[PDB]
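Q: Here it is: the structure, laid out below.
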Amino acid sequence: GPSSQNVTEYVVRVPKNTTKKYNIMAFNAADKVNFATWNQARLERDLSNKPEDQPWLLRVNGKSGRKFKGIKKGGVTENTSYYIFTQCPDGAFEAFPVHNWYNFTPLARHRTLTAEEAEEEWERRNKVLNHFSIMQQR
Amino acid sequence: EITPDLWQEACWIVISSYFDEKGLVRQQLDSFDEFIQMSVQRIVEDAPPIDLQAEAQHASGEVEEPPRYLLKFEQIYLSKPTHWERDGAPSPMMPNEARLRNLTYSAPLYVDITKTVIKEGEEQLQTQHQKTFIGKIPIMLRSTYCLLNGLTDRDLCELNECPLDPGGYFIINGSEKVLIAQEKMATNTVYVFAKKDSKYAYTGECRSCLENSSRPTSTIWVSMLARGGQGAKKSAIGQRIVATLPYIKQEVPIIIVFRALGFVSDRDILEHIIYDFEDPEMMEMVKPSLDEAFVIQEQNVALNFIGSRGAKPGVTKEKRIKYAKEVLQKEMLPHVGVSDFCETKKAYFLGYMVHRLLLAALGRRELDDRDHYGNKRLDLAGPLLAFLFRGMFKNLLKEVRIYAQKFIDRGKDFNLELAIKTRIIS
Amino acid sequence: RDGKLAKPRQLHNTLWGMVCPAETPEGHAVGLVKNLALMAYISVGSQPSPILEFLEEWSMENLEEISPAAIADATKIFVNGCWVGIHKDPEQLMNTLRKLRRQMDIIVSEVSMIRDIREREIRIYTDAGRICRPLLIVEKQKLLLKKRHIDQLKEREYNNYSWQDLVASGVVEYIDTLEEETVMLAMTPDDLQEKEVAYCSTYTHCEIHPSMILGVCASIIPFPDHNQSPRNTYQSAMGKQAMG
Amino acid sequence: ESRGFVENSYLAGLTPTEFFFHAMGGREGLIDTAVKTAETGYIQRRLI
Amino acid sequence: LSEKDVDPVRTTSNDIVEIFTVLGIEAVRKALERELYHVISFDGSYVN
Amino acid sequence: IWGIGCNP
Amino acid sequence: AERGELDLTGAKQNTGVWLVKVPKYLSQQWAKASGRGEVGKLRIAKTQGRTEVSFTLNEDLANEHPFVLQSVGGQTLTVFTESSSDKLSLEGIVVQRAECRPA
Amino acid sequence: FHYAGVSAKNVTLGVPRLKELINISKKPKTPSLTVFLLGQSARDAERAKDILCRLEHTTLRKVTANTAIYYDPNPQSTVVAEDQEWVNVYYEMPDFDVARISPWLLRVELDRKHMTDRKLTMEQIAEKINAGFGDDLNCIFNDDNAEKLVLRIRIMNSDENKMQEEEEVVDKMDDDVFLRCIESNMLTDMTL
Amino acid sequence: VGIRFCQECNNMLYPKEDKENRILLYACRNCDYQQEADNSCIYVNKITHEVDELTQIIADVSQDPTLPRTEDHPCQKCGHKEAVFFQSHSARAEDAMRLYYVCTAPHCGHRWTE
Ligand SMILES: [Zn+2]
Ligand SMILES: [Zn+2]
């Protein structure tokens, strides 16, 4: 059929300015990120100082869902540029420059050892007893 | 189109051309030449711009309270070697006359200095003092900046200098001094050595430096502790990897260091450390160190662990965390990166160091040889004089700051010419 | 000098062609003070930026997704430190780099590129301290140096042909100790490169002349190969003390 | 030949690789002498 | 020494400290003399 | 310089 | 519905996007005018069991760019935009990566 | 170096040996002991080799080809296919299973060459291990005729049942961590 | 034999005996995830550590000019005459002067020890 020899050629458009800037959101494959359960999400600048030059915090499905941290790419692309091609009804590709690159990594929604207790536990480095029971106690 | 059995003429013709273009001392000369140009500009550029304002407590009100004074060193210049007589007229100094009169063969060094002053009225004023004289640099003979350079043998004879003299030395106080190339270990290179009597079975060292812009070296160790020590848990766990990070009083477990770089998950840490997950032996090697760091499962907790072991303790908890983070971003693995999101690069390189230690322990790679001259570098005139100028230019900036601060606290004014002490560099 | 360990002092094999074997001071400094060989040259240093730009252009994807993958990505491109990415193809990259060294675009003569085929790592060192020596280049079993180059050099003056032109042609190359580890050398073209009972058929370089392994003071010694080795060190020391 | 053996005599003249290996051996001898002088002197002083 | 089929009379150790602790000060005198004589006379040099 | 049993 | 909410409609529609690494000369040629709405034409030719991608530079712009594909199974990428109205949105998921090389 | 090799045993000589003797250093660089044989053992090489074996330190690690820890839920289950026979034999008339059996099994496998060189016996090794550690470690030893020399070690039966311990029912060092500690101890400290 | 990681937090699992059903498990300590043990083997240690180094030899090694090669031993797969041989090139190899062979010519990379 036509699929074995189809040739597709489309116009390329690069608007001078776009109201919304374009970024890259990269998830590690082993994380098994799935968007079906992403009913809601919250992306905001971090507050670890407790703005434009600070990392990003993502909280999917509120506190109940997984949280991810995104850090801009340190290596600048002084000799490289990245563009994204999106399908449009007019049938012409549109290219938008990548303003920023972010790698998001998740944090488990598991109980977290308090810093004081963690220091006390490390004082007993030779934990002869099972560590799993220790985690259960906390 | 071959030259067989005529080779004895060929090798010596090519050697003749070699020694005709260069000569024997081309190391020293070339080093010095490179040094001057590149190094001095670089250092003058790399040094932080001088920031300065009057103390708020000293004067009441905020109308003129921050008179910010900013000093930037734009560009470097060197004149031909010059002697300033007692009358004060500059004169060209021939090397022979410098030897005879016990003078120093040196050239004046001029830096353009731009002073920008903000009076808090938003009317910042920039005044550029061009060709400000900061010091005198001794000039290596027959280098590009020596007067003898580019002179035919007849011209050299007119100046009572030998045509055959190699150069490559400085006339300091009328005496010829030769910088001797100093051997050193290679920088920015991971080397795994074994110390027999140490508590570590193997140690991997990287004498990291950022293009020698500052901080001659920032050495970091990743070493696997020996299993010779006997204890119940010690026998169970086996050898554990520890990191002797710079500016830290004692050893830090390696997995904690990786989590401090933001890589909390064990899988990700091992991805950096163990490039092939399939190999069982290396995974077994890394298991005990993970057991040691099982307590700390968060980046902030790991930073606090590092800060607690820092050489100077921080009273505040968040002070310790911030101190550890800044210390890692600067001191640890400086050559990989020094700011922003170089954390991933530092994690990959530290994982490479741990991986190389694992390969040495498993026997997959041989231990590095200290005497292998590939692992050695030679510091010629250029690197040594560059280190000297780094130190002395920093001291000159410090003295300028001191004089400036006194006059600024008065609020009278500041003069760049008075602040610069040529004595320092010269 | 106080340390009595007979290990920092001994003449290492890597010193070949770059530090004089004979010329060493005798006393507390035996083997601790050394002297450059006649043909040795020391790197003055260079900016690594153009090399990194070339590597980015060729391939060397950085911030890859755990692509080393049992070093399936053959080799890991290092520069003066700084793992800067990895390449799937490590022989093509090395050959392209050698061609660039010839054309002198991104690689000055001093830039040293090392590929460790086992351990899959390419080091690309330009760090201003490396001691390197000129070696002729052997392609197949034939030296690249030919009668055209030698005839032009023989007419050196009023022909405006020099050593730098020999380097630019790609006939000669500067190899440092790291590269000396990865290079098959022939002492002499006729004796070694020519077909015989095949010791090696993969010579990559040839020494310009063996005698250059000696320093300035040891070079004056006539028939040094016919003397006992300590007797050449003594002559170096004594020639530094001759009256002339 | 690879590991150091020098078949040529002094009168015949060492080949280049043989020359470097011979230099290595002579260097070891010289280092031994220089290092030995201090240890033996310390021992002698202690005994006396 | 106390192992079966080991000669008690002639079995000797190079360590003078072990000889002291096990066999006495006179035995360590003779053993020290033997060891010193061995190291001196291995070269063939004779000391009275 | 002689052999393993001789001198270096 | 809040300021920090992310419009995941693009993810729901499973919009596929292509990521390409292009050189500085091409990007600078595009940036020269950057307002004419046209920079070149992307031509994809498919055969029985092989596909090739190429880009032709505009004739006005110049006064062939083959594309090499890369596997995207080792990493999942998505594109999100921060609107000037503080309304974050997701444009789509990256389904293919390509590199542009000089001729 | 340059010392004549009369025997394959290195000896300090020259200035360093003089330093050791004159300093009366507690740690000699090469402590050595010359042993003369009293009886016919001196004349006959086999008896001398017996004395050599009796006088040379041998750890379990020297004769152990490879060690593995398998979680075996039942002795009859015989997760390792090979032991199924010999386990059955030992459990035809089971001994010390009355208290209980350990759910973890340390299946050490010894190299026949090392065993025959040191002339060690499976009963000898098993007796040393079981007696020195006590009733807590129970060891099953293969026949020498079997191709694989296998020692199956299990933790204390009474400790597994916990009737003997009484006190609090709390695991100490789990069981597999304790078994790994036991394995390291056996590897370097058996002194067979 | 190998190490496996949790599917929620990607941390390291640990073996735990199931006391009720007598079935080995792996349970992450930082969450409640549990997965039964399929392999039934946990800690394997090879003291002689006899490992075929053919697994550690890279085919790319056939491109090294500094290695020796012979035409005597042909390859098994393609029957190519050139074969580049080298020793263990490994520390703690016990005592092995055995020659390892790698087939030259592109992409074959077959390794046979004789
Ligand atoms: Zn988990
Ligand atoms: Zn083949």
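Letters A, B, ... mark the chains of the structure tokens in the order given; residue numbers begin at 1 per chain; ligand numbers begin at 1, in order shown.
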Please give me, as a list in words, the residues lying within 10 Å of ligand 1 when counting only C-alpha atoms and all ligand atoms.

A: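 After applying the 10 Å limit, what remains is residues 108, 109 and 110 of chain A; 265 of chain B; 5, 6, 7, 8, 9, 10, 11, 12, 13, 27, 28, 29, 30, 31, 32, 33 and 34 of chain I.
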
Q: Keeping only C-alpha atoms, write the selected residues to a file as a short mmCIF file (atom, residue, chain, number, x, y, z; two decimals), in the first residue's frame.

A:
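Contents of the output file result.cif:
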data_model
loop_
_atom_site.label_atom_id
_atom_site.label_comp_id
_atom_site.auth_asym_id
_atom_site.auth_seq_id
_atom_site.Cartn_x
_atom_site.Cartn_y
_atom_site.Cartn_z
CA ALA A 108 9.45 8.42 48.06
CA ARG A 109 6.31 9.11 50.07
CA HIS A 110 7.82 7.05 52.88
CA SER B 265 17.96 6.55 45.55
CA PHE I 5 15.95 -2.89 43.83
CA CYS I 6 12.55 -1.79 45.08
CA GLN I 7 9.88 -0.76 42.58
CA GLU I 8 8.59 2.25 44.57
CA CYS I 9 11.60 4.14 45.97
CA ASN I 10 14.32 2.31 43.99
CA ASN I 11 16.22 1.42 47.16
CA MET I 12 18.06 -1.81 47.94
CA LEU I 13 15.93 -4.79 48.96
CA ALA I 27 11.54 -6.37 51.59
CA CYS I 28 12.56 -2.75 51.25
CA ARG I 29 13.37 -1.25 54.64
CA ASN I 30 12.14 2.26 53.73
CA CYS I 31 8.66 1.14 52.64
CA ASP I 32 6.34 -1.86 52.91
CA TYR I 33 7.06 -3.37 49.48
CA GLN I 34 7.74 -7.12 49.48
#

Q: Distance limit 10 Å, atoms considered: only C-alpha atoms. Which chain E residues sit that close to chain H? Return them as a list in words.

A: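 Within 10 Å of chain H on chain E, we get residues 1, 3, 4, 5, 6, 7, 8, 9, 10, 11, 12, 13, 14, 15, 16, 17, 18, 32, 33, 35, 36, 38, 39, 40, 41, 42 and 43 of chain E.
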
Q: Select the residues contacting ligand 2 at a distance of at most 12 Å, based on only C-alpha atoms and all ligand atoms, then format the selection as a PyMOL selection string.

A: chain I and resi 59+62+71+73-84+101-112

Q: Find the nearest atom pair between each residue of chain H and chain I for residues within 10 Å, count only C-alpha atoms, give distances in Å to one decimal, sort rows by chain and ascending number, and present the table as JSON lines.

A:
{"residue": "H:61", "atom": "CA", "partner": "I:47", "partner_atom": "CA", "distance": 7.2}
{"residue": "H:62", "atom": "CA", "partner": "I:47", "partner_atom": "CA", "distance": 8.6}
{"residue": "H:63", "atom": "CA", "partner": "I:47", "partner_atom": "CA", "distance": 9.3}
{"residue": "H:64", "atom": "CA", "partner": "I:47", "partner_atom": "CA", "distance": 6.8}
{"residue": "H:65", "atom": "CA", "partner": "I:48", "partner_atom": "CA", "distance": 5.6}
{"residue": "H:66", "atom": "CA", "partner": "I:46", "partner_atom": "CA", "distance": 4.2}
{"residue": "H:67", "atom": "CA", "partner": "I:45", "partner_atom": "CA", "distance": 5.0}
{"residue": "H:68", "atom": "CA", "partner": "I:44", "partner_atom": "CA", "distance": 4.1}
{"residue": "H:69", "atom": "CA", "partner": "I:43", "partner_atom": "CA", "distance": 5.0}
{"residue": "H:70", "atom": "CA", "partner": "I:41", "partner_atom": "CA", "distance": 4.7}
{"residue": "H:71", "atom": "CA", "partner": "I:40", "partner_atom": "CA", "distance": 6.1}
{"residue": "H:72", "atom": "CA", "partner": "I:40", "partner_atom": "CA", "distance": 7.8}
{"residue": "H:73", "atom": "CA", "partner": "I:22", "partner_atom": "CA", "distance": 5.6}
{"residue": "H:74", "atom": "CA", "partner": "I:22", "partner_atom": "CA", "distance": 8.5}
{"residue": "H:79", "atom": "CA", "partner": "I:40", "partner_atom": "CA", "distance": 7.7}
{"residue": "H:80", "atom": "CA", "partner": "I:41", "partner_atom": "CA", "distance": 9.4}
{"residue": "H:103", "atom": "CA", "partner": "I:22", "partner_atom": "CA", "distance": 8.1}
{"residue": "H:104", "atom": "CA", "partner": "I:17", "partner_atom": "CA", "distance": 9.0}
{"residue": "H:105", "atom": "CA", "partner": "I:41", "partner_atom": "CA", "distance": 9.9}
{"residue": "H:106", "atom": "CA", "partner": "I:43", "partner_atom": "CA", "distance": 9.2}
{"residue": "H:107", "atom": "CA", "partner": "I:44", "partner_atom": "CA", "distance": 9.5}
{"residue": "H:108", "atom": "CA", "partner": "I:45", "partner_atom": "CA", "distance": 9.4}
{"residue": "H:109", "atom": "CA", "partner": "I:46", "partner_atom": "CA", "distance": 9.5}
{"residue": "H:110", "atom": "CA", "partner": "I:47", "partner_atom": "CA", "distance": 9.8}
{"residue": "H:111", "atom": "CA", "partner": "I:48", "partner_atom": "CA", "distance": 9.0}
{"residue": "H:174", "atom": "CA", "partner": "I:16", "partner_atom": "CA", "distance": 8.8}
{"residue": "H:175", "atom": "CA", "partner": "I:17", "partner_atom": "CA", "distance": 9.0}
{"residue": "H:176", "atom": "CA", "partner": "I:15", "partner_atom": "CA", "distance": 8.6}
{"residue": "H:180", "atom": "CA", "partner": "I:43", "partner_atom": "CA", "distance": 8.3}
{"residue": "H:187", "atom": "CA", "partner": "I:47", "partner_atom": "CA", "distance": 9.3}

Q: Could you turn the residues from that selection into a file that holds N, CA and C atoms, as a short mmCIF file (atom, residue, chain, number, x, y, z; two decimals), in the first residue's frame?

A:
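out_5.cif, freshly written:
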data_model
loop_
_atom_site.label_atom_id
_atom_site.label_comp_id
_atom_site.auth_asym_id
_atom_site.auth_seq_id
_atom_site.Cartn_x
_atom_site.Cartn_y
_atom_site.Cartn_z
N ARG H 61 39.75 -21.50 54.65
CA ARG H 61 39.75 -20.79 53.37
C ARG H 61 40.72 -21.43 52.38
N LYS H 62 41.84 -21.95 52.87
CA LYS H 62 42.85 -22.51 51.97
C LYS H 62 42.31 -23.72 51.22
N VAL H 63 41.43 -24.50 51.85
CA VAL H 63 40.90 -25.71 51.24
C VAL H 63 39.48 -25.54 50.72
N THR H 64 38.89 -24.35 50.86
CA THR H 64 37.50 -24.13 50.47
C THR H 64 37.45 -23.59 49.05
N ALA H 65 36.82 -24.35 48.15
CA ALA H 65 36.71 -23.92 46.76
C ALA H 65 35.72 -22.77 46.62
N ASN H 66 34.53 -22.90 47.21
CA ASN H 66 33.54 -21.84 47.11
C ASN H 66 32.46 -22.03 48.17
N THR H 67 31.94 -20.91 48.66
CA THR H 67 30.95 -20.90 49.73
C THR H 67 29.67 -20.24 49.25
N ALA H 68 28.53 -20.81 49.62
CA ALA H 68 27.23 -20.26 49.28
C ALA H 68 26.29 -20.37 50.47
N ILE H 69 25.36 -19.43 50.57
CA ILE H 69 24.31 -19.45 51.59
C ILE H 69 22.97 -19.59 50.88
N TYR H 70 22.29 -20.71 51.11
CA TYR H 70 20.98 -20.99 50.54
C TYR H 70 19.95 -20.99 51.66
N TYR H 71 18.81 -20.36 51.43
CA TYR H 71 17.70 -20.48 52.36
C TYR H 71 16.95 -21.77 52.04
N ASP H 72 17.08 -22.77 52.91
CA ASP H 72 16.42 -24.06 52.71
C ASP H 72 15.29 -24.21 53.73
N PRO H 73 14.03 -24.12 53.31
CA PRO H 73 12.93 -24.16 54.30
C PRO H 73 12.84 -25.47 55.05
N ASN H 74 12.99 -26.60 54.35
CA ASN H 74 12.95 -27.91 54.98
C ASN H 74 14.20 -28.68 54.63
N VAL H 79 16.84 -27.84 48.53
CA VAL H 79 16.82 -26.86 47.44
C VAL H 79 17.95 -27.14 46.45
N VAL H 80 19.15 -27.43 46.96
CA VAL H 80 20.21 -27.91 46.09
C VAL H 80 19.89 -29.34 45.67
N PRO H 103 16.63 -22.70 59.22
CA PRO H 103 16.07 -22.48 57.88
C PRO H 103 17.09 -22.02 56.86
N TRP H 104 18.29 -21.65 57.29
CA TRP H 104 19.37 -21.22 56.41
C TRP H 104 20.46 -22.28 56.40
N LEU H 105 21.10 -22.45 55.25
CA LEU H 105 22.08 -23.50 55.03
C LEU H 105 23.32 -22.89 54.41
N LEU H 106 24.47 -23.11 55.04
CA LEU H 106 25.75 -22.66 54.49
C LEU H 106 26.39 -23.88 53.84
N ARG H 107 26.36 -23.93 52.50
CA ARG H 107 26.83 -25.09 51.77
C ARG H 107 28.23 -24.80 51.24
N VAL H 108 29.22 -25.00 52.11
CA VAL H 108 30.61 -24.80 51.73
C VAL H 108 31.06 -25.97 50.87
N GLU H 109 31.81 -25.69 49.81
CA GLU H 109 32.34 -26.72 48.93
C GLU H 109 33.85 -26.60 48.89
N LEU H 110 34.53 -27.68 49.25
CA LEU H 110 35.97 -27.73 49.39
C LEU H 110 36.61 -28.28 48.12
N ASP H 111 37.81 -27.79 47.82
CA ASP H 111 38.56 -28.28 46.68
C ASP H 111 39.27 -29.57 47.06
N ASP H 174 19.66 -11.25 63.16
CA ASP H 174 18.81 -12.02 62.24
C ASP H 174 19.29 -13.47 62.28
N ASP H 175 19.37 -14.17 61.14
CA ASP H 175 20.04 -15.46 61.09
C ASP H 175 21.06 -15.47 59.96
N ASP H 176 20.73 -14.83 58.84
CA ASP H 176 21.62 -14.84 57.69
C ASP H 176 22.83 -13.93 57.91
N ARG H 180 26.63 -15.23 57.88
CA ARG H 180 27.74 -14.61 57.16
C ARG H 180 28.92 -14.32 58.09
N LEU H 187 36.43 -18.83 57.54
CA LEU H 187 37.39 -18.64 56.46
C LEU H 187 38.76 -18.30 57.01
#

Q: Using only C-alpha atoms, find each residue in chain F having at least one atom no more than 12 Å away from range 6-17 of chain D; report its shortest atom-to-atom pair and that distance in Å (one decimal), rows by chain then rising number, as CSV.

A:
residue,atom,partner,partner_atom,distance
F:1,CA,D:6,CA,9.1
F:2,CA,D:6,CA,8.9
F:3,CA,D:6,CA,10.2

Q: Mind checking which residues fall within 6 Å of residue 41 in chain A, counting only C-alpha atoms, ignoring those fewer than 5 positions away in the same chain, and posting them as a compact mmCIF listing (two decimals) with N, CA and C atoms, in the first residue's frame?

A:
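Contents of around.txt, freshly written:
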# COMPACT_ATOMS: atom_id res chain seq x y z
N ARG A 59 4.87 18.55 42.79
CA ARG A 59 4.11 17.72 43.72
C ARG A 59 2.88 17.23 42.98
N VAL A 60 2.90 15.97 42.57
CA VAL A 60 1.82 15.39 41.78
C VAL A 60 0.74 14.88 42.73
N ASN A 61 -0.52 15.20 42.41
CA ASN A 61 -1.67 14.76 43.21
C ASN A 61 -1.55 15.20 44.66
N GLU G 5 -1.47 24.72 39.27
CA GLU G 5 -1.96 23.55 38.56
C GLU G 5 -1.29 23.44 37.19
N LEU G 6 -0.97 22.21 36.80
CA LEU G 6 -0.35 21.93 35.51
C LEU G 6 -1.40 21.38 34.55
